[PDB]
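Peer 1: Please find one structure pasted underneath; my questions will follow.
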Amino acid sequence: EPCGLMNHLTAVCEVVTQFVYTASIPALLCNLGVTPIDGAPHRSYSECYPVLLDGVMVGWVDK
Amino acid sequence: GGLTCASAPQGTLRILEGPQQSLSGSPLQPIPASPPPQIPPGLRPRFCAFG
């Protein structure tokens with residue numbers, strides 16, 4: 001009955017438990033080509049990808 | 001101090017840091033193949049038939 005439910009991890013696999021802070025990553029992304037939400041990207045939308053940094057909408061990257 | 005309006009801007013230059021050049025090497029670096037097992041040197045019959 002527990003077939004397929006009780007899986008077991010592989011040897012190399014590991015759960016991420018270290019909690020860090022994501023302060024400089026939005027500024028780093030906007031220093032790269034991430035045009036943020038409020039400004040307008042230099043190509044039109046639908047030729048731009050959403051960027052989602054851990055639950056927070058960040059911007060619009062050109063294709 | 002009136003701050004009147006102006007015309008429409010033609011183009012918008014986007015300044016951004018350049019792509020990371022010379023980061024990846026032109027050949028690839030793979031993990032080497034684990035060797036096939038060798039017959040070890042110095043193997044001899046240690047069992048003699050009794051009597």
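Ligands are numbered from 1 in the order shown, chains are lettered A, B, ... in the order of the structure tokens, and residues start at 1 in each chain.
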Would you mind listing, as a PDB file with C-alpha atoms, in the first residue's frame, all residues of chain B that have at least one atom within 9 Å of chain A, where only C-alpha atoms are what counts?

Peer 2:
ATOM      1  CA  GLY B  11      15.186  56.730 -28.391  1.00  0.00           C
ATOM      2  CA  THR B  12      16.023  55.339 -24.961  1.00  0.00           C
ATOM      3  CA  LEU B  13      19.595  54.184 -24.396  1.00  0.00           C
ATOM      4  CA  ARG B  14      19.816  51.332 -21.902  1.00  0.00           C
ATOM      5  CA  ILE B  15      23.140  51.106 -20.053  1.00  0.00           C
ATOM      6  CA  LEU B  16      23.856  47.698 -18.518  1.00  0.00           C
ATOM      7  CA  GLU B  17      26.917  45.699 -17.468  1.00  0.00           C
ATOM      8  CA  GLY B  18      28.441  43.593 -20.198  1.00  0.00           C
ATOM      9  CA  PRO B  19      28.218  39.841 -20.678  1.00  0.00           C
TER      10      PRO B  19
END

Peer 1: Any chance you could list, as a ChimeraX atom specification, the residues in chain A that come up helix (DSSP H, G or I) when DSSP is run on the backbone?

Peer 2: /A:24-31

Peer 1: If we count only C-alpha atoms and set the cut-off at 12 Å, which residues sit around residue 58 of chain A, ignoring sequence neighbours fewer than 2 positions away in its own chain? Please answer as a PyMOL selection string.

Peer 2: chain A and resi 25-30+33-39+49-56+60-61

Peer 1: Using N, CA, C and O atoms, can you write the selected residues to a file as a CSV table (one decimal), in the first residue's frame?

Peer 2:
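To be explicit, this is the file written out as part.csv:
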chain,number,residue,atom,x,y,z
A,25,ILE,N,20.1,41.1,-4.6
A,25,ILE,CA,19.7,40.4,-5.9
A,25,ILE,C,18.8,41.2,-6.8
A,25,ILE,O,19.0,41.2,-8.0
A,26,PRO,N,17.8,42.0,-6.3
A,26,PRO,CA,17.0,42.8,-7.2
A,26,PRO,C,17.8,43.9,-7.8
A,26,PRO,O,17.7,44.2,-9.0
A,27,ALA,N,18.7,44.6,-7.1
A,27,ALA,CA,19.6,45.6,-7.7
A,27,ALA,C,20.6,45.0,-8.6
A,27,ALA,O,20.9,45.6,-9.7
A,28,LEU,N,21.1,43.7,-8.4
A,28,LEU,CA,21.9,43.0,-9.3
A,28,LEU,C,21.2,42.7,-10.6
A,28,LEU,O,21.8,42.9,-11.7
A,29,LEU,N,20.0,42.3,-10.5
A,29,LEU,CA,19.2,41.9,-11.7
A,29,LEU,C,18.9,43.2,-12.5
A,29,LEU,O,19.0,43.2,-13.8
A,30,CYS,N,18.5,44.3,-11.9
A,30,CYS,CA,18.3,45.5,-12.6
A,30,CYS,C,19.6,46.2,-13.1
A,30,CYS,O,19.5,47.0,-14.1
A,33,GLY,N,20.0,43.2,-17.5
A,33,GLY,CA,19.0,43.8,-18.3
A,33,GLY,C,17.5,43.7,-17.8
A,33,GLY,O,16.6,43.8,-18.6
A,34,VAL,N,17.3,43.5,-16.5
A,34,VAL,CA,16.0,43.4,-16.0
A,34,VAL,C,15.4,44.9,-15.9
A,34,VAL,O,15.8,45.6,-14.9
A,35,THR,N,14.6,45.3,-16.8
A,35,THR,CA,13.9,46.5,-16.7
A,35,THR,C,12.7,46.3,-15.7
A,35,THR,O,11.9,45.5,-16.0
A,36,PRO,N,12.7,47.1,-14.6
A,36,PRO,CA,11.7,46.8,-13.6
A,36,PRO,C,10.3,47.1,-14.0
A,36,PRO,O,10.0,47.6,-15.1
A,37,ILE,N,9.3,46.9,-13.1
A,37,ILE,CA,7.9,46.9,-13.4
A,37,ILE,C,7.4,48.2,-13.8
A,37,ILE,O,6.6,48.3,-14.8
A,38,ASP,N,7.9,49.3,-13.1
A,38,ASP,CA,7.3,50.6,-13.3
A,38,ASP,C,7.8,51.3,-14.5
A,38,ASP,O,7.1,52.1,-15.1
A,39,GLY,N,9.1,51.1,-14.9
A,39,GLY,CA,9.6,51.6,-16.1
A,39,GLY,C,9.1,50.8,-17.3
A,39,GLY,O,8.5,49.7,-17.2
A,49,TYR,N,9.9,38.4,-20.7
A,49,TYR,CA,9.7,37.4,-19.7
A,49,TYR,C,9.5,38.0,-18.3
A,49,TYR,O,10.1,39.0,-18.0
A,50,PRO,N,8.5,37.6,-17.5
A,50,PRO,CA,8.5,37.9,-16.1
A,50,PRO,C,9.7,37.4,-15.4
A,50,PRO,O,10.2,36.3,-15.7
A,51,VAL,N,10.1,38.1,-14.3
A,51,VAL,CA,11.1,37.6,-13.4
A,51,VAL,C,10.5,37.6,-12.0
A,51,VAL,O,9.9,38.5,-11.6
A,52,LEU,N,10.7,36.4,-11.4
A,52,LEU,CA,10.1,36.2,-10.1
A,52,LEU,C,11.1,35.7,-9.1
A,52,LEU,O,11.4,34.5,-9.0
A,53,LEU,N,11.7,36.7,-8.4
A,53,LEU,CA,12.7,36.4,-7.3
A,53,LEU,C,11.9,36.0,-6.1
A,53,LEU,O,11.3,36.9,-5.5
A,54,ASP,N,11.9,34.7,-5.7
A,54,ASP,CA,11.3,34.0,-4.6
A,54,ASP,C,10.0,34.6,-4.1
A,54,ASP,O,9.8,34.8,-2.9
A,55,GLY,N,9.1,34.8,-5.0
A,55,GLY,CA,7.7,35.2,-4.7
A,55,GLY,C,7.5,36.7,-5.0
A,55,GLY,O,6.3,37.1,-4.9
A,56,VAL,N,8.5,37.4,-5.3
A,56,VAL,CA,8.4,38.9,-5.5
A,56,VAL,C,8.6,39.2,-6.9
A,56,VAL,O,9.6,38.8,-7.5
A,60,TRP,N,10.9,42.9,-16.0
A,60,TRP,CA,10.6,42.4,-17.4
A,60,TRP,C,11.8,42.4,-18.2
A,60,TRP,O,12.3,43.5,-18.6
A,61,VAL,N,12.4,41.2,-18.5
A,61,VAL,CA,13.6,41.1,-19.2
A,61,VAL,C,13.3,41.0,-20.7
A,61,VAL,O,12.4,40.3,-21.1

Peer 1: Just the strand (DSSP E or B) stuff from chain A, please, per backbone DSSP, written as an NGL selection string.

Peer 2: :A and (34-36 or 48-53 or 56-62)

Peer 1: Could you dump the residues just selected with C-alpha atoms as a PDB file, in the first residue's frame?

Peer 2:
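Ended up saving to again_38.pdb:
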ATOM      1  CA  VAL A  34      15.960  43.444 -15.964  1.00  0.00           C
ATOM      2  CA  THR A  35      13.882  46.521 -16.718  1.00  0.00           C
ATOM      3  CA  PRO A  36      11.704  46.801 -13.587  1.00  0.00           C
ATOM      4  CA  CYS A  48       9.523  40.111 -22.410  1.00  0.00           C
ATOM      5  CA  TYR A  49       9.703  37.410 -19.674  1.00  0.00           C
ATOM      6  CA  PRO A  50       8.489  37.936 -16.121  1.00  0.00           C
ATOM      7  CA  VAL A  51      11.120  37.613 -13.407  1.00  0.00           C
ATOM      8  CA  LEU A  52      10.053  36.196 -10.076  1.00  0.00           C
ATOM      9  CA  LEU A  53      12.683  36.376  -7.334  1.00  0.00           C
ATOM     10  CA  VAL A  56       8.384  38.880  -5.454  1.00  0.00           C
ATOM     11  CA  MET A  57       7.731  40.233  -8.922  1.00  0.00           C
ATOM     12  CA  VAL A  58      10.863  42.084 -10.033  1.00  0.00           C
ATOM     13  CA  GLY A  59      10.690  43.100 -13.653  1.00  0.00           C
ATOM     14  CA  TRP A  60      10.564  42.411 -17.371  1.00  0.00           C
ATOM     15  CA  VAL A  61      13.629  41.070 -19.204  1.00  0.00           C
ATOM     16  CA  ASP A  62      13.961  41.580 -22.939  1.00  0.00           C
TER      17      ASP A  62
END
